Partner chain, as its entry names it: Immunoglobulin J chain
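One chain comes next, on its own, written as structure tokens: the form deposited without the partner chain.
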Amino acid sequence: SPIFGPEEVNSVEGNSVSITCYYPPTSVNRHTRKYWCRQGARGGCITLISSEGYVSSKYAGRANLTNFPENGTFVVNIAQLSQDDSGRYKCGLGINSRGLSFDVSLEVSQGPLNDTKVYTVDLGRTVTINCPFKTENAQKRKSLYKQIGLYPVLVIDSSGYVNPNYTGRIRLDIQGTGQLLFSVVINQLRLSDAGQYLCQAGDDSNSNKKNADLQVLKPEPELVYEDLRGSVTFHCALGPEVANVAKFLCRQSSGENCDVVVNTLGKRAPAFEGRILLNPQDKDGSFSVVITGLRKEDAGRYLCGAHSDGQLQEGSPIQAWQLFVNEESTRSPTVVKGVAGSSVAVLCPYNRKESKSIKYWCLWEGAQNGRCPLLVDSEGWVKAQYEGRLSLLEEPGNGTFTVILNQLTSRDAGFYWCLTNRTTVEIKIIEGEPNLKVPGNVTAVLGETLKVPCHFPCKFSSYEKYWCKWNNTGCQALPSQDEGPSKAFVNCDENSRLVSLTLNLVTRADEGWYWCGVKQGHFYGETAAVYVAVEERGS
């Protein structure tokens, strides 16, 4: 609510754009996470760029985000715009999922148009297109067109025409109290409904027009991992808004067909006789389906959906899972201990032939849950919550890669998978303290030089020592200056060390995460992380 920005933004393929977002310049908000993210299925919003150093590969070289804590604003710059950039976005503070954000529309045309808003909506759901007009057209014909074949085709008229493909699921809502707009409400959106729409009031040269870019999204499959002859539970959570529409669970085919495993109209596929359970539905309209005695053949894409006949159809809301059924092989989870405020360096083995495959590190949640939600991969992705504290390195290589997680707490205790295209790791948090020693709340000042200490015990004297800035593609090493020993340790004086990171002329882009760390050839170890902030006056 408190966040402001441009609600409509229009551009041309090739140009560039500068979106400015305003926020309350509270103490917290000054260096809190700024994010620019794109709206996706099911309310999701995918980080495209953040103030923590994360930059989507889709924005690599193409975009930047500059904070202005004095103004109370930050500015997202995007260049080399493509039509692919047309969409709905949020600019915000904190984490994408939380509230503090503002909703931005971005449209990109091929050459030079008009007032254009983007709508982004899930399959099967409703959209409301608002169509504004001037008083001189308030009692003339209201229309909605769709560009079908570079031809505007009438979808609905105030004269009573409704296009055959929309009948029964479209209405033209005339506002009361003399407001100067009408709305078109479209239900049960289909993939085919996506496209370019034209709102029109009047039929004159005096006509009032608005462009609407309607996007209709398929859902993202949730991944589920289960063992042969084990069970799985699908929690189907469509709206309360469809709680009274018949539900189905079905399995996707090589074809476009999606054959029903279970129904609320009596269908229960023979393959699943005696091992399928359709549980009752919530007051939320959500329900679950349980499958036992899994066969390898049971693995695939599953949709649960709502449609009056109990079958998958166009314009039906849906939810997706990808199921994996794997053999029970012959092993216990390798265990790694770390201590709060410090770090781990977990070695993940992969099969040497799968060397250029993608590696994954994810949090495993137990066989019934079935899900192992990703935290980081080898392609520059990182979960938002883990920006500045998590990386996946290809070193040492040749059958092994490293996951570095730091800024530890008790919360991080749990089971993790190393994945490729496998290895379970239990992280335990024990009483102890970090060997490396770093300041917490560090603040440089614009144009001035800053230097930042890191203390290394004697333990690490023959280790290689580094400073680097953290981004999501990799921690980049910096000029550090080896300085004299340090007295911050016990049973240590001469062998210990202090290594300093020096930032000679601080720019606004020097803000973000810096890691102090330790290394032995290609085998990485402990790290310590410090956030460098940037203001401009002095203190």
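Positions refer to the first chain, counted from 1.
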Quiz prompt | Chain break class at residue 421/residue 422 - deposited residues not modelled | solution = 4 to 9
Quiz item: Between residues given as residue 330 and residue 331, how many of the deposited sequence are not built: none, 1 to 3, 4 to 9, or 10 or more?
Solution: 1 to 3
Self-check item: Given 199-207 and 217-225, the range whose Cα B-factors average higher in the PDB entry
Solution: 199-207
Practice problem: Could you check which stretch, 385-393 or 409-417, carries the larger mean CA temperature factor in the entry? | Solution: 409-417
Quiz item: With respect to the C-alpha temperature factors reported in the PDB entry, which of 345, 76, 312, 458 ranks highest?
Solution: 458
Exercise. For the C-alpha B-factor as written in the entry, point me to the maximum among 364, 161, 102, 466.
Key: 364
Practice problem: Please place residue 36 in the lowest, middle or highest third of its chain by C-alpha B factor as given in the entry. | Solution: lowest
Quiz item: Once the chain's modelled residues are ordered by C-alpha B factor and cut into thirds, is residue 370 in the lowest, middle or highest one?
Solution: highest
Quiz item: Thinking about Cα B factors across the chain, which third does residue 61 belong to?
Solution: lowest
Quiz item: Relative to the other modelled residues in the chain, which third contains the C-alpha temperature factor of residue 188: lowest, middle or highest?
Solution: lowest
Quiz item: When the modelled residues of the chain are sorted by Cα temperature factor, does residue 283 land in the lowest, middle or highest third?
Solution: highest
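Not pictured, yet referred to below: the form solved in complex with the partner chain.
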Quiz prompt | Partner-proximal stretch of 467-475, 25-33, 65-73, 499-507 relative to the partner chain in the bound PDB entry, 4.5 angstroms, heavy atom | solution = 25-33
Quiz item: Might residue 81 be said to contact the partner chain in the bound PDB entry, defining contact as any heavy atom within 4.5 Å?
Solution: no
Quiz item: Given that the partner is absent here, does residue 100 sit within 4.5 Å of the partner chain in the bound PDB entry, heavy atoms only?
Solution: yes
